[PDB]
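The next block holds one structure in the form of structure tokens; read it before the comments.
All of this is worked out from the model, or read from it or from the source named; no laboratory read-out is quoted. Here the Cβ is made from the backbone with ideal geometry for all residues, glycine too, and neighbour counts use every protein chain on show.
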Amino acid sequence: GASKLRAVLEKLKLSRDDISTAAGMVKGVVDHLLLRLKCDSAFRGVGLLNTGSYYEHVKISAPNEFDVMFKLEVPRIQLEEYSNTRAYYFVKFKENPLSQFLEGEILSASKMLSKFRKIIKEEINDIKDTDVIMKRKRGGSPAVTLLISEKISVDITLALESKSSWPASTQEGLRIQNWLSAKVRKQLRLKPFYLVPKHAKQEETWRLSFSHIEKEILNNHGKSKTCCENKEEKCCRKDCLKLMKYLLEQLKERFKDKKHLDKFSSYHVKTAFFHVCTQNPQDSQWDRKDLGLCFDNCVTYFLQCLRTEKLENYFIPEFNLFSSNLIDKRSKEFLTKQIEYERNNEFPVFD
Ligand SMILES: O=C(O)Cc1csc(Nc2cccc(CNC(=O)c3cc(Br)ccc3O)c2)n1
Ligand SMILES: [Zn+2]
């Protein structure tokens with residue numbers, strides 16, 4: 001079966017590294033937006049989360065779809081935990097550039113997104129080169145989506161940066177100690193945390209964002225410092241993640257007409273994969289000759305999470321991604337049925 005898996009990985013590589021003028025058209029549009037935003041006293045300290053890398057995708061089956069984050073440093077920050085949710089907070093301070101966005105003691109996520117969208121939609125009209133259009137949708141983050149030329153899309157998210165100790169909810173999270181080490185857990189937690197506008201079921205809440213840590217773990221994934229740097233040390237961690245992302249993206253497209261899978265995203269997949277990496281910390285548990293075995297095990301864990309209705313957040317342990325108060329049993333049982341059929345028929349959806 002692994003020869004079908006490696007064929008799927010071979011086809012996914014042929015669309016990645018290919019010659020595309022889109023990755024430069026995206027960078028040119030981003031730089032335009034970022035320069036205009038810096039003119040405003042509120043958005044003066046704005047810039048990309050990972051500079052040099054605009055080319056970031058949530059979707060592995062949609063190369064034309066890009067996803068960027070615009071970070072802004074919020075000093076003198078003070079958080080207040082919304083309704084014992086563990087993940088959702090209000091933003092309070094300690095005259096400030098964003099004083100124009102305050103409502104009582106709480107920072108308006110709506111009025112901040114408002115000025116943010118306003119500026120962008122004006123910067124698009126000042127581009128008579130390419131036909132950029134601003135799509136407006138509800139959900140907090142992604143804040144805005146741009147369509148360059150045709151069928152080339154960029155999702156821009158606004159994130160507040162706090163160069164201070166991560167919230168008390170994260171104390172027992174990121175259990176990488178027996179895999180990536182205690183030294184690494186200490187280092188990563190010394191990095192800043194990001195907050196994106198996100199509505200909790202109105203309330204002007206901000207949610208914790210760990211996108212920078214995710215990329216950090218994925219680009220240095222072995223117990224060995226030289227994992228995947230030589231022939232003797234070749235693992236299948238990344239290919240296992242790639243395939244799980246591709247399976248959920250394919251099933252989501254298959255049943256776009258129904259509404260059962262709308263609630264599932266690559267984040268449920270990545271959270272589940274990191275729990276597997278923790279459970280199997282050795283590089284010898286991910287040898288490249290075991291791709292079929294390793295992936296089936298990844299599929300099995302994700303399935304156990306759907307059936308038991310338990311998927312702990314990788315960063316905030318008391319937060320369950322699969323609780324009944326977020327995703328209904330019927331939707332999880334539909335996703336279980338589809339994955340079980342695919343696995344039993346050696347993944348036809350991959351084709
Ligand atoms: O924006 C949406 O609707 C889709 C979406 C994105 S994160 C989410 N749920 C979500 C709910 C509660 C607490 C968090 C905290 N963060 C993460 O655990 C996280 C994990 C990885 Br791996 C990568 C980046 C992350 O920040 C997240 N839902
Ligand atoms: Zn490796």
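Among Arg136, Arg117, which is under 17 Å from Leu35 (Cα atoms) and either of a type in the set (A, V, I, L, M, F, W, C) or more than 18 Å from the chain's Cα centre (by Cα) (or both)?
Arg117
Scan region 225-239 and report the pairs whose first residue is within 16 Å of ligand 1 (Cβ to nearest atom) and whose second residue is part of a loop (DSSP other than H, G, I, E, B), with Cβ atoms within less than 6 Å and a gap of 6+ or a chain change.
So the pair list comes out as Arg237/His221; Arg237/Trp286.
Give region 24-60 a look and list any residue that's loosely packed, with under 15 Cβ neighbours inside 10 Å, in a loop (DSSP other than H, G, I, E, B) and of a type in the set (A, V, I, L, M, F, W, C), or say none.
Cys39
Filter region 291-311 down to the residues that are crowded, with 19+ Cβ neighbours inside 10 Å and within 16 Å of ligand 1 (Cβ to nearest atom), then identify the one that is nearest to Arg207 (Cα to Cα).
By that ranking, first place goes to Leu311.
Considering only region 71-96, state which residues are hydrophobic (A, V, I, L, M, F, W, C), within 21 Å of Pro142 (Cβ to Cβ) and within 15 Å of ligand 1 (Cβ to nearest atom).
Residue satisfying the conditions is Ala87 alone.
Results for (1) over 29 Å from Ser209 (Cβ atoms); (2) among the small types (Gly, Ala, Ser), shown as yes or no for each residue.
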residue	(1), (2)
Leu311	no, no
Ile316	no, no
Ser331	no, yes
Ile339	no, no
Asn345	yes, no
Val349	yes, no
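Determine whether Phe255 is within 30 Å of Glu80 (Cα to Cα), surrounded by 14 or more Cβ atoms within 10 Å (Cβ to Cβ) and not polar (S, T, N, Q).
no
Exactly one condition in (1) of a type outside the set (A, V, I, L, M, F, W, C); (2) farther than 22 Å from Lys118 by Cα; (3) within 13 Å of ligand 1 (Cβ to nearest atom) is not met by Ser164; state its number.
For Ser164, the failing item is (3).
Here's the yes/no breakdown for (1) within 16 Å of ligand 2 (Cβ to nearest atom); (2) over 21 Å from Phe350 (Cα atoms); (3) not polar (S, T, N, Q):
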position: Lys252; (1), (2), (3): no, no, yes
position: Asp257; (1), (2), (3): no, no, yes
position: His260; (1), (2), (3): no, no, yes
position: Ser265; (1), (2), (3): no, no, no
position: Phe274; (1), (2), (3): yes, yes, yes
position: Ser284; (1), (2), (3): yes, yes, no
position: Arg288; (1), (2), (3): yes, no, yes
position: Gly292; (1), (2), (3): no, no, yes
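So if I check each of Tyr314, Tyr341, which one is more than 16 Å from ligand 2 (Cβ to nearest atom), assigned by CATH to the domain that holds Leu174, surrounded by fewer than 20 Cβ atoms within 10 Å (Cβ to Cβ) and of a type outside the set (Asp, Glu)?
When all the criteria are applied, what remains is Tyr341.
Could you list, in sequence order, the residues of region 129-161 that are among the polar types (S, T, N, Q), crowded, with 20+ Cβ neighbours inside 10 Å and under 22 Å from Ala23 (Cβ atoms)?
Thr157
I need every pair where a residue in region 261-278 that is assigned by CATH to the domain that holds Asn313 has its Cβ under 7 Å from the Cβ of a residue that is near ligand 1 (Cβ under 8 Å from one of its atoms) and part of a helix (DSSP H, G or I), sequence separation at least 6 or different chains.
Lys270/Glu214
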